[PDB]
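Asker: In the working numbering, the protein residues as written are 28 to 291. Beta carbons: idealized from backbone N, C-alpha and C, even for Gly. Handing you this structure, nothing more for now.
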Ligand SMILES: C[C@H](CS)C(=O)N[C@H](B(O)O)c1ccc(F)cc1
């Protein structure tokens, strides 16, 4: 990938202080916008969207997987697990765990689903099977958030994120019912209102998955966006920064999303 009118991104990046990674594709025309699209960024919680997709893929071979109740214990409840916390006394079904992971970034729910899939290596294997050779998940929540500069653990690239997202939501990687369920989960996300969603015209439908590592200014969002009467746009906006204490910026993510969309 390349971009011969990259200066707007370059200036936004310089003002932010860190690194911005953008890839956006118009699935109707094939046009793309890129900026550090081939460079590795920490996934943070954005792996949870692909995790739910991997669950749906398995459910195509395992009848009633999604309906399976999980009666998890208190010591599954790592921090930032609001749904799993709320429902501890009842347990939750695999489907509910998947929805909570996507729509609230629920940590405990992600760990429980990772265990069902064979851990970070199992999710990574799923991603290889749809043709993503960049994605790697190595660790569990919360250790995967360390976001250390240059660490390839728990990273992917904006372009591979977008390409996989397109395969899973719009392409053929998931069966049509599973594909619709994944799209619906993304559309019901509650964590992304200040990121890509803040850049999209109010009348376009959006599904998204956010990520927030909590360190090194590292945060991200990927989304499928449905313009008026048009084929959908798929995009990914990732950030990081060189100092552990650097704050992430939702406004930067929104602004880079807007530059991508305006570029398309
Ligand atoms: C250690 C950090 C706290 S800022 C964390 O748990 N991040 C996950 B994720 O991005 O991997 C997370 C972040 C925000 C949430 F609301 C839920 C889960």
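#1: Ligand 1 heavy atoms versus the CB of residue 72: any closer than 7 Å?
#2: Alpha carbon to alpha carbon, what distance is there between residue 243 and residue 163?
#3: Relative to the C-alpha of residue 233, which residue among 251, 239, 246 and 222 is closest?
#4: Name the DSSP beta bridge partners of residue 211, please?
#5: In terms of residues, what are the limits of the alpha helix (DSSP H) holding residue 76?
#6: Given the structure, does residue 132 come close to ligand 1, in the sense that its CB is under 7 Å from one of the ligand's heavy atoms?
#7: Using DSSP bridges, identify the partner residues of residue 36.
#8: Do you know how far the Cα of residue 94 is from the Cα of residue 67?
#9: For residue 261, list the residues DSSP reports as bridge partners.
#10: Anyone know if the C-beta pair for residue 184 and residue 161 falls short of 8 Å?
#11: Using a Cβ-Cβ cut-off of 7 Å (strictly less than) and excluding sequence neighbours within five positions of residue 265, which residues of its own chain qualify?
#12: So what's residue 236 in DSSP terms, helix, strand or just coil?
#13: For the alpha helix (DSSP H) that contains residue 62, what are its first and last residues?
#14: Could you say which of 41, 135, 124 and 287 lies nearest to residue 226 if we only look at CA atoms?
#15: Measure how close the beta-carbons of residue 99 and residue 139 come, nearest whole angstrom, since I'm counting them as under 8 Å.
#16: What residues in its chain sit with their C-beta under 7 Å from that of residue 45, if we drop five residues either side in the sequence?
#17: Between the stretch 173-181 and the stretch 207-216, can you find at least three pairs of beta-carbon atoms closer than 8 Å?
#18: Consider the C-beta atom of residue 241 and the heavy atoms of ligand 1; say whether any pair is separated by less than 7 Å.
#19: Apart from the five residues on each side of it in sequence, which residues of its chain come closer than 6 Å, Cβ to Cβ, to residue 188?
#20: Could you check how far apart the C-beta atoms of residue 258 and residue 53 are, in whole angstroms? I think they sit under 8 Å.
#21: Quick check on this structure: which residue in 103, 275 and 35 has the alpha carbon closest to the alpha carbon of residue 221?
#22: Just curious, the alpha helix (DSSP H) that residue 285 is in, first and last residue?
#23: Is residue 108 helix, strand or coil by DSSP?
Answerer: Straight from the coordinates:
#1: yes
#2: 19 Å
#3: 251
#4: Under DSSP, residue 211 shares a beta bridge with no residue.
#5: 74-86
#6: yes
#7: According to DSSP, residue 36 bridges with nothing at all.
#8: 36 Å
#9: 52 and 251
#10: yes
#11: 48, 68, 185 and 247
#12: strand
#13: Premise fails: residue 62 lies in the beta strand (DSSP E), 59-62, not in any alpha helix (DSSP H).
#14: 287
#15: 6 Å
#16: So the list reads 244, 266, 267, 268, 269 and 273, once near-sequence residues are dropped.
#17: no
#18: yes
#19: 249 and 263
#20: Indeed they touch by this definition, with Cβ atoms about 7 Å apart.
#21: 275
#22: 277-290
#23: coil
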